[PDB]
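Chemist: I'm passing along model14.pdb; it holds PDB, C-alpha atoms.
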```
ATOM      1  CA  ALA A   1     -26.476  14.118   3.762
ATOM      2  CA  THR A   2     -25.497  17.639   4.552
ATOM      3  CA  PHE A   3     -26.340  20.497   2.306
ATOM      4  CA  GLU A   4     -24.652  23.776   3.021
ATOM      5  CA  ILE A   5     -26.909  26.619   1.661
ATOM      6  CA  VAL A   6     -24.995  29.862   1.098
ATOM      7  CA  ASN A   7     -26.466  33.305   0.282
ATOM      8  CA  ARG A   8     -24.012  35.322  -1.807
ATOM      9  CA  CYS A   9     -26.650  37.800  -3.106
ATOM     10  CA  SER A  10     -26.562  41.404  -1.890
ATOM     11  CA  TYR A  11     -30.189  41.039  -0.608
ATOM     12  CA  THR A  12     -31.701  38.823   2.036
ATOM     13  CA  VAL A  13     -33.284  35.548   0.853
ATOM     14  CA  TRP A  14     -35.467  33.046   2.654
ATOM     15  CA  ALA A  15     -34.183  29.581   1.765
ATOM     16  CA  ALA A  16     -36.720  26.789   1.525
ATOM     17  CA  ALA A  17     -36.307  23.013   1.363
ATOM     18  CA  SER A  18     -39.057  20.392   0.870
ATOM     19  CA  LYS A  19     -39.918  17.101  -0.664
ATOM     20  CA  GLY A  20     -43.407  18.049  -1.638
ATOM     21  CA  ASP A  21     -45.394  16.611   1.250
ATOM     22  CA  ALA A  22     -42.900  17.265   4.071
ATOM     23  CA  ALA A  23     -40.161  19.683   5.026
ATOM     24  CA  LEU A  24     -36.545  18.717   4.792
ATOM     25  CA  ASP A  25     -34.813  19.597   8.144
ATOM     26  CA  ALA A  26     -36.449  22.842   9.472
ATOM     27  CA  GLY A  27     -37.851  23.521   5.954
ATOM     28  CA  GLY A  28     -36.996  27.230   5.830
ATOM     29  CA  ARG A  29     -34.786  29.998   7.207
ATOM     30  CA  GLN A  30     -33.789  33.656   6.602
ATOM     31  CA  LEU A  31     -30.315  34.111   5.122
ATOM     32  CA  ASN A  32     -28.846  37.587   5.065
ATOM     33  CA  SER A  33     -26.173  38.488   2.466
ATOM     34  CA  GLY A  34     -23.249  36.189   3.247
ATOM     35  CA  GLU A  35     -24.925  33.767   5.609
ATOM     36  CA  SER A  36     -24.868  29.965   5.413
ATOM     37  CA  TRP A  37     -27.339  27.445   6.738
ATOM     38  CA  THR A  38     -26.316  23.812   7.009
ATOM     39  CA  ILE A  39     -29.139  21.303   6.874
ATOM     40  CA  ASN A  40     -29.384  17.530   7.215
ATOM     41  CA  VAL A  41     -31.493  15.602   4.750
ATOM     42  CA  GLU A  42     -32.526  11.944   5.319
ATOM     43  CA  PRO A  43     -30.781   9.437   2.990
ATOM     44  CA  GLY A  44     -33.228   8.042   0.386
ATOM     45  CA  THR A  45     -34.970  11.420  -0.052
ATOM     46  CA  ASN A  46     -36.556  11.172  -3.480
ATOM     47  CA  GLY A  47     -37.647  14.374  -5.235
ATOM     48  CA  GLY A  48     -36.255  16.948  -2.802
ATOM     49  CA  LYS A  49     -36.014  20.574  -3.775
ATOM     50  CA  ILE A  50     -34.323  23.644  -2.462
ATOM     51  CA  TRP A  51     -35.069  27.156  -3.607
ATOM     52  CA  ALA A  52     -34.954  30.778  -2.572
ATOM     53  CA  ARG A  53     -37.809  33.119  -1.691
ATOM     54  CA  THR A  54     -37.578  36.906  -2.110
ATOM     55  CA  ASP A  55     -39.177  39.885  -0.365
ATOM     56  CA  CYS A  56     -40.938  38.038   2.465
ATOM     57  CA  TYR A  57     -42.688  39.182   5.641
ATOM     58  CA  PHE A  58     -43.380  36.802   8.474
ATOM     59  CA  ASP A  59     -44.910  37.509  11.866
ATOM     60  CA  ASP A  60     -43.863  36.010  15.242
ATOM     61  CA  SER A  61     -45.771  32.742  14.615
ATOM     62  CA  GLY A  62     -43.885  32.405  11.297
ATOM     63  CA  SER A  63     -46.828  33.001   8.911
ATOM     64  CA  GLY A  64     -46.809  35.536   6.100
ATOM     65  CA  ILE A  65     -46.089  36.012   2.447
ATOM     66  CA  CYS A  66     -43.271  36.004  -0.157
ATOM     67  CA  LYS A  67     -43.061  37.653  -3.582
ATOM     68  CA  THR A  68     -41.532  34.574  -5.211
ATOM     69  CA  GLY A  69     -41.424  30.981  -4.106
ATOM     70  CA  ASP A  70     -44.142  31.211  -1.463
ATOM     71  CA  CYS A  71     -44.998  27.856  -0.003
ATOM     72  CA  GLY A  72     -48.463  28.503   1.485
ATOM     73  CA  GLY A  73     -47.520  31.488   3.747
ATOM     74  CA  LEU A  74     -45.076  29.603   6.038
ATOM     75  CA  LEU A  75     -41.463  30.348   6.985
ATOM     76  CA  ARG A  76     -40.865  26.689   7.588
ATOM     77  CA  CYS A  77     -42.009  25.140   4.244
ATOM     78  CA  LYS A  78     -43.772  21.772   3.837
ATOM     79  CA  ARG A  79     -44.959  22.006   0.191
ATOM     80  CA  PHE A  80     -43.363  23.193  -3.042
ATOM     81  CA  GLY A  81     -43.324  26.971  -3.740
ATOM     82  CA  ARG A  82     -45.314  29.202  -6.071
ATOM     83  CA  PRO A  83     -43.506  29.929  -9.356
ATOM     84  CA  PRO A  84     -41.363  31.586 -10.528
ATOM     85  CA  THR A  85     -38.510  29.698  -8.752
ATOM     86  CA  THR A  86     -35.129  28.426  -9.849
ATOM     87  CA  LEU A  87     -34.951  24.911  -8.399
ATOM     88  CA  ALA A  88     -32.105  22.768  -7.070
ATOM     89  CA  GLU A  89     -33.487  19.237  -7.404
ATOM     90  CA  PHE A  90     -32.121  16.002  -6.059
ATOM     91  CA  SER A  91     -32.739  12.345  -5.255
ATOM     92  CA  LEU A  92     -30.451  10.595  -2.820
ATOM     93  CA  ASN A  93     -29.300   6.931  -2.586
ATOM     94  CA  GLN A  94     -31.248   5.687  -5.547
ATOM     95  CA  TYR A  95     -29.840   2.231  -6.241
ATOM     96  CA  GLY A  96     -26.483   3.366  -4.971
ATOM     97  CA  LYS A  97     -26.363   6.772  -6.591
ATOM     98  CA  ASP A  98     -27.287  10.395  -6.034
ATOM     99  CA  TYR A  99     -28.926  12.444  -8.829
ATOM    100  CA  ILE A 100     -28.783  16.258  -8.963
ATOM    101  CA  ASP A 101     -29.901  18.991 -11.314
ATOM    102  CA  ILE A 102     -31.124  22.542 -11.656
ATOM    103  CA  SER A 103     -34.441  23.243 -13.302
ATOM    104  CA  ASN A 104     -36.051  26.240 -14.906
ATOM    105  CA  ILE A 105     -39.278  24.326 -15.576
ATOM    106  CA  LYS A 106     -41.026  26.507 -12.983
ATOM    107  CA  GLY A 107     -39.231  29.684 -14.136
ATOM    108  CA  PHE A 108     -36.317  31.618 -12.634
ATOM    109  CA  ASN A 109     -36.078  34.023  -9.687
ATOM    110  CA  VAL A 110     -32.477  33.786  -8.333
ATOM    111  CA  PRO A 111     -29.252  32.574  -9.867
ATOM    112  CA  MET A 112     -27.853  29.384  -8.364
ATOM    113  CA  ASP A 113     -24.963  26.928  -8.284
ATOM    114  CA  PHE A 114     -25.429  23.365  -6.956
ATOM    115  CA  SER A 115     -22.139  21.401  -6.371
ATOM    116  CA  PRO A 116     -21.006  18.363  -4.357
ATOM    117  CA  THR A 117     -18.489  19.125  -1.639
ATOM    118  CA  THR A 118     -17.316  15.501  -1.604
ATOM    119  CA  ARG A 119     -15.288  13.805  -4.363
ATOM    120  CA  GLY A 120     -16.314  12.280  -7.708
ATOM    121  CA  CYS A 121     -18.772  14.366  -9.821
ATOM    122  CA  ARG A 122     -19.122  17.929 -11.173
ATOM    123  CA  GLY A 123     -21.614  20.652 -10.173
ATOM    124  CA  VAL A 124     -24.166  22.593 -12.143
ATOM    125  CA  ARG A 125     -24.763  26.294 -12.539
ATOM    126  CA  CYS A 126     -27.464  28.608 -13.820
ATOM    127  CA  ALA A 127     -26.039  32.036 -13.035
ATOM    128  CA  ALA A 128     -27.073  34.095 -16.084
ATOM    129  CA  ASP A 129     -29.140  37.281 -15.786
ATOM    130  CA  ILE A 130     -32.416  35.677 -16.846
ATOM    131  CA  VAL A 131     -34.680  38.169 -15.040
ATOM    132  CA  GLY A 132     -33.178  41.209 -16.884
ATOM    133  CA  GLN A 133     -33.461  39.517 -20.310
ATOM    134  CA  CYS A 134     -36.884  37.819 -19.868
ATOM    135  CA  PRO A 135     -39.343  37.880 -22.881
ATOM    136  CA  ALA A 136     -42.100  40.414 -22.189
ATOM    137  CA  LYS A 137     -44.910  37.859 -21.878
ATOM    138  CA  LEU A 138     -43.068  35.845 -19.232
ATOM    139  CA  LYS A 139     -42.042  38.740 -16.890
ATOM    140  CA  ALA A 140     -43.639  38.323 -13.453
ATOM    141  CA  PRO A 141     -44.860  41.695 -12.098
ATOM    142  CA  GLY A 142     -44.233  40.081  -8.727
ATOM    143  CA  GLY A 143     -40.483  39.740  -9.581
ATOM    144  CA  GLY A 144     -38.783  36.943 -11.585
ATOM    145  CA  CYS A 145     -39.362  35.048 -14.900
ATOM    146  CA  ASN A 146     -42.333  32.595 -15.294
ATOM    147  CA  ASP A 147     -42.173  29.428 -17.385
ATOM    148  CA  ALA A 148     -44.617  29.249 -20.267
ATOM    149  CA  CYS A 149     -46.807  26.530 -18.635
ATOM    150  CA  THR A 150     -47.675  28.844 -15.689
ATOM    151  CA  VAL A 151     -48.516  31.679 -18.053
ATOM    152  CA  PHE A 152     -50.413  29.906 -20.826
ATOM    153  CA  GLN A 153     -51.567  26.510 -19.497
ATOM    154  CA  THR A 154     -51.601  24.564 -22.797
ATOM    155  CA  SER A 155     -50.864  20.850 -23.379
ATOM    156  CA  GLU A 156     -47.857  21.850 -25.454
ATOM    157  CA  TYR A 157     -46.152  23.899 -22.653
ATOM    158  CA  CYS A 158     -47.173  21.513 -19.866
ATOM    159  CA  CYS A 159     -46.306  18.223 -21.692
ATOM    160  CA  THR A 160     -49.640  16.925 -20.508
ATOM    161  CA  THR A 161     -49.794  14.057 -23.028
ATOM    162  CA  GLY A 162     -46.115  13.081 -22.785
ATOM    163  CA  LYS A 163     -45.326  14.156 -26.400
ATOM    164  CA  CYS A 164     -44.247  17.861 -26.321
ATOM    165  CA  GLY A 165     -41.247  19.515 -28.002
ATOM    166  CA  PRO A 166     -39.077  22.619 -27.487
ATOM    167  CA  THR A 167     -40.770  25.979 -27.970
ATOM    168  CA  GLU A 168     -39.778  29.641 -28.404
ATOM    169  CA  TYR A 169     -40.008  30.062 -24.612
ATOM    170  CA  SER A 170     -38.166  26.901 -23.570
ATOM    171  CA  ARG A 171     -35.445  27.918 -26.047
ATOM    172  CA  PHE A 172     -34.987  31.204 -24.217
ATOM    173  CA  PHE A 173     -34.157  29.467 -20.904
ATOM    174  CA  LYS A 174     -31.936  26.989 -22.680
ATOM    175  CA  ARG A 175     -29.932  29.668 -24.454
ATOM    176  CA  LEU A 176     -29.268  31.573 -21.185
ATOM    177  CA  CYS A 177     -28.759  28.424 -18.987
ATOM    178  CA  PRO A 178     -27.737  25.446 -21.049
ATOM    179  CA  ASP A 179     -27.004  23.288 -17.992
ATOM    180  CA  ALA A 180     -30.588  23.487 -16.511
ATOM    181  CA  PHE A 181     -33.840  21.753 -17.666
ATOM    182  CA  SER A 182     -35.845  24.159 -19.834
ATOM    183  CA  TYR A 183     -38.873  21.937 -20.420
ATOM    184  CA  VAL A 184     -40.111  18.579 -19.136
ATOM    185  CA  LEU A 185     -38.739  16.363 -21.901
ATOM    186  CA  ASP A 186     -35.562  18.313 -22.343
ATOM    187  CA  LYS A 187     -32.483  16.204 -22.964
ATOM    188  CA  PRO A 188     -31.336  15.412 -19.385
ATOM    189  CA  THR A 189     -28.657  17.479 -17.723
ATOM    190  CA  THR A 190     -28.855  15.422 -14.525
ATOM    191  CA  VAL A 191     -25.520  14.720 -12.820
ATOM    192  CA  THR A 192     -24.938  11.312 -11.205
ATOM    193  CA  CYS A 193     -22.924  11.508  -7.951
ATOM    194  CA  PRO A 194     -21.695   8.704  -5.634
ATOM    195  CA  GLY A 195     -24.398   7.698  -3.105
ATOM    196  CA  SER A 196     -24.256   9.695   0.103
ATOM    197  CA  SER A 197     -22.401  12.751  -1.252
ATOM    198  CA  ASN A 198     -22.656  16.118   0.487
ATOM    199  CA  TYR A 199     -23.620  19.390  -1.243
ATOM    200  CA  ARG A 200     -23.513  23.159  -1.387
ATOM    201  CA  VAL A 201     -26.246  25.379  -2.929
ATOM    202  CA  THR A 202     -25.077  28.940  -3.526
ATOM    203  CA  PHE A 203     -27.444  31.771  -4.435
ATOM    204  CA  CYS A 204     -25.818  34.394  -6.779
ATOM    205  CA  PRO A 205     -22.547  32.383  -7.241
ATOM    206  CA  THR A 206     -20.836  35.077  -9.287
ATOM    207  CA  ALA A 207     -20.227  38.829  -8.843
TER     208      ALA A 207
END
```
What does the file become when written as C-alpha cells?
Modeler:
Amino acid sequence: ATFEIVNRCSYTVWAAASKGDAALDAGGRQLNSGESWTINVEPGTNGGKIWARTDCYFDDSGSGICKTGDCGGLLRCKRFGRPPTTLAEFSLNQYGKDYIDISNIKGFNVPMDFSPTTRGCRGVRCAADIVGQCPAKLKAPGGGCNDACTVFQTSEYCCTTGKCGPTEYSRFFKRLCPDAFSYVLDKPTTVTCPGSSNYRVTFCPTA
C-alpha cells in the first residue's frame, strides 16, 4: 500500500514511519514546507504508525536528536517515537479490511489529516490548535502537548488494569479533537476501509 505523506506546515518536519520493531520503507525523511514523500508499506502490516518530528539535527551518518517524536536519535526510525506525538495509526489487510485512526494517547505535536486516496471510506482529522490551548500541567517545554500518562504515570491515566475511565485531561483532547482517541478505552473512532486501500497523511491540513 502506498502512503503519500505531505507537509503543508510552514516549517520543516521530519516524517517517521515504523511498526515498533522495524521501519516501514526507509523509516524517516526530511520534508520541507510543501514536500511529499511517497512510501510503500508491506500488506499485512499490523500496528504501523506515522508521525512527525520537529526541530531535528542529524549529522552525515544520520544520527542526532529531535525536540518531539525522537525515535532513539536516528533519521531513519525503527522504533516508536518519544511523546508528545500526534499519531496516524493503521493495520492493513486484517481479515480483508484496513483499519485507520488518529490518536492523541501519546499527546499532540502537529496537526494531521489521514485519508484514503482510493474509494469507499472517509478520512479522519485532528487539526485543532491543541498546543496553543494545552492545560498548563501538560505543556511540554520541549514543544507540544503531553498526555496525562507520560506526565503523571498513574494506573488511572495509563489504564494499567484495563478498567480506567475518562478524566479531566482526556476530556481536553476529546473536546478539541473529537475524531481522535483521547484515552486507551475511549469509544473507538477507528475507520474501516476496504483491504489494500492507499492513503495520504497531511501535516497541518488547514491554513
Chemist: Between atom CA of residue 153 of chain A and atom CA of residue 83 of chain A, what is the spacing in Å?
Modeler: 13.4 Å
Chemist: Give me the segment 11-37 of chain A side of the contact with segment 58-73 of chain A, cut-off 12 Å, one line per residue showing its nearest atom pair and distance in Å at one decimal, counting all atoms listed in the file, sorted by chain and residue number, as a Markdown table.
Modeler:
```
| residue | atom | partner | partner_atom | distance |
| --- | --- | --- | --- | --- |
| A:13 | CA | A:66 | CA | 10.0 |
| A:14 | CA | A:66 | CA | 8.8 |
| A:15 | CA | A:69 | CA | 9.4 |
| A:16 | CA | A:69 | CA | 8.5 |
| A:17 | CA | A:71 | CA | 10.0 |
| A:18 | CA | A:71 | CA | 9.6 |
| A:19 | CA | A:71 | CA | 11.9 |
| A:20 | CA | A:71 | CA | 10.1 |
| A:21 | CA | A:71 | CA | 11.3 |
| A:22 | CA | A:71 | CA | 11.5 |
| A:23 | CA | A:71 | CA | 10.7 |
| A:27 | CA | A:71 | CA | 10.3 |
| A:28 | CA | A:71 | CA | 9.9 |
| A:29 | CA | A:62 | CA | 10.3 |
| A:30 | CA | A:58 | CA | 10.3 |
```
Chemist: I need the residue nearest residue 55 of chain A from this list: A:188, A:144, A:195, A:165. Use all atoms listed in the file for the distance.
Modeler: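 Looking at the shortest contact to residue 55 of chain A, the residue is A:144.
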Chemist: Which residue, A:146, A:46, A:38, A:189, has the smallest gap to residue 95 of chain A when you use all atoms listed in the file?
Modeler: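 Among the listed residues, A:46 lies closest to residue 95 of chain A.
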Chemist: Counting all atoms listed in the file, figure out which residue out of A:125, A:37, A:136, A:110 gets nearest to residue 9 of chain A.
Modeler: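 Smallest separation from residue 9 of chain A among the options: A:110.
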Chemist: Using all atoms listed in the file, determine which residues lie at most 7 Å from residue 44 of chain A, disregarding the query and same-chain residues fewer than 2 positions distant; provide the list as number ranges by chain.
Modeler: A: 42, 46, 92-94
Chemist: Provide the atom CA of residue 166 of chain A to atom CA of residue 142 of chain A distance in Å, to one decimal place.
Modeler: 26.1 Å
Chemist: Selection in question (the file shown): the PyMOL selection byres ((chain A and resi 150-152) around 9). Which residues does it include, as a ChimeraX atom specification?
Modeler: /A:83-84,106-107,137-138,146-149,153-154,157-158
Chemist: Expand the PyMOL selection byres ((chain A and resi 118-123) around 10) into the explicit residue set it covers here, and present it as a ChimeraX atom specification.
Modeler: /A:100-102,113-117,124-125,179,190-194,196-201
Chemist: What does the distance from atom CA of residue 78 of chain A to atom CA of residue 35 of chain A come to in Å, to one decimal?
Modeler: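 Rounded to one decimal, the two atoms are 22.4 Å apart.
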Chemist: So what does the PyMOL selection byres ((chain A and resi 170) around 12) actually pick up in this one, as number ranges by chain?
Modeler: A: 103-107, 134-135, 138, 145-149, 156-158, 164-169, 171-178, 180-186
Chemist: Using all atoms listed in the file, can you tell me which of A:81, A:75, A:41, A:86 comes closest to residue 4 of chain A?
Modeler: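 Closest to residue 4 of chain A, using all atoms listed in the file: A:41.
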Chemist: Please return segment 167-189 of chain A, rebuilt to N, CA, C and O atoms, as a compact mmCIF listing (two decimals), in the frame of the given file.
Modeler:
```txt
# COMPACT_ATOMS: atom_id res chain seq x y z
N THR A 167 -39.93 24.90 -27.54
CA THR A 167 -40.77 25.98 -27.97
C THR A 167 -39.96 27.28 -27.92
O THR A 167 -38.90 27.31 -27.36
N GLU A 168 -40.48 28.35 -28.48
CA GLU A 168 -39.78 29.64 -28.40
C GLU A 168 -39.40 30.02 -26.96
O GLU A 168 -38.30 30.57 -26.73
N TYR A 169 -40.28 29.72 -26.02
CA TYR A 169 -40.01 30.06 -24.61
C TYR A 169 -39.01 29.11 -23.95
O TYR A 169 -38.09 29.57 -23.27
N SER A 170 -39.14 27.81 -24.16
CA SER A 170 -38.17 26.90 -23.57
C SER A 170 -36.80 27.20 -24.19
O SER A 170 -35.80 27.11 -23.51
N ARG A 171 -36.75 27.63 -25.45
CA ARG A 171 -35.44 27.92 -26.05
C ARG A 171 -34.76 29.16 -25.45
O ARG A 171 -33.56 29.23 -25.45
N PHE A 172 -35.54 30.12 -24.99
CA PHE A 172 -34.99 31.20 -24.22
C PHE A 172 -34.23 30.77 -22.93
O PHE A 172 -33.08 31.20 -22.71
N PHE A 173 -34.86 29.99 -22.07
CA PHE A 173 -34.16 29.47 -20.90
C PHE A 173 -32.93 28.69 -21.28
O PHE A 173 -31.92 28.79 -20.60
N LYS A 174 -33.03 27.86 -22.31
CA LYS A 174 -31.94 26.99 -22.68
C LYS A 174 -30.74 27.75 -23.24
O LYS A 174 -29.59 27.39 -23.01
N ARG A 175 -31.00 28.82 -23.99
CA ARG A 175 -29.93 29.67 -24.45
C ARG A 175 -29.19 30.40 -23.30
O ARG A 175 -28.00 30.58 -23.34
N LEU A 176 -29.90 30.89 -22.30
CA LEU A 176 -29.27 31.57 -21.18
C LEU A 176 -28.59 30.60 -20.17
O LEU A 176 -27.53 30.93 -19.58
N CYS A 177 -29.18 29.41 -20.01
CA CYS A 177 -28.76 28.42 -18.99
C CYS A 177 -28.79 27.03 -19.59
O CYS A 177 -29.74 26.27 -19.42
N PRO A 178 -27.77 26.71 -20.36
CA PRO A 178 -27.74 25.45 -21.05
C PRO A 178 -27.70 24.26 -20.07
O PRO A 178 -28.14 23.18 -20.42
N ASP A 179 -27.19 24.45 -18.87
CA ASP A 179 -27.00 23.29 -17.99
C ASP A 179 -28.21 23.00 -17.06
O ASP A 179 -28.11 22.14 -16.24
N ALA A 180 -29.31 23.72 -17.21
CA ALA A 180 -30.59 23.49 -16.51
C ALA A 180 -31.67 22.91 -17.46
O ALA A 180 -31.65 23.18 -18.64
N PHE A 181 -32.65 22.16 -16.94
CA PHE A 181 -33.84 21.75 -17.67
C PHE A 181 -34.68 22.95 -18.09
O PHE A 181 -34.97 23.82 -17.27
N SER A 182 -35.06 23.02 -19.36
CA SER A 182 -35.84 24.16 -19.83
C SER A 182 -37.29 23.75 -20.13
O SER A 182 -38.16 24.59 -20.14
N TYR A 183 -37.52 22.45 -20.36
CA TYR A 183 -38.87 21.94 -20.42
C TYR A 183 -38.83 20.48 -20.01
O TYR A 183 -37.75 19.92 -19.88
N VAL A 184 -39.99 19.88 -19.78
CA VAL A 184 -40.11 18.58 -19.14
C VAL A 184 -39.28 17.51 -19.85
O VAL A 184 -38.50 16.82 -19.22
N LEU A 185 -39.37 17.43 -21.17
CA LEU A 185 -38.74 16.36 -21.90
C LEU A 185 -37.44 16.82 -22.51
O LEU A 185 -36.97 16.24 -23.47
N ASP A 186 -36.87 17.89 -21.95
CA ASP A 186 -35.56 18.31 -22.34
C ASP A 186 -34.57 17.14 -22.24
O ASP A 186 -34.73 16.20 -21.41
N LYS A 187 -33.54 17.18 -23.07
CA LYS A 187 -32.48 16.20 -22.96
C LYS A 187 -31.80 16.39 -21.60
O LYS A 187 -31.29 17.46 -21.29
N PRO A 188 -31.76 15.32 -20.79
CA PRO A 188 -31.34 15.41 -19.39
C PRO A 188 -29.98 16.06 -19.16
O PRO A 188 -29.02 15.77 -19.86
N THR A 189 -29.92 16.95 -18.20
CA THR A 189 -28.66 17.48 -17.72
C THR A 189 -28.42 17.04 -16.27
O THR A 189 -27.66 17.65 -15.55
```
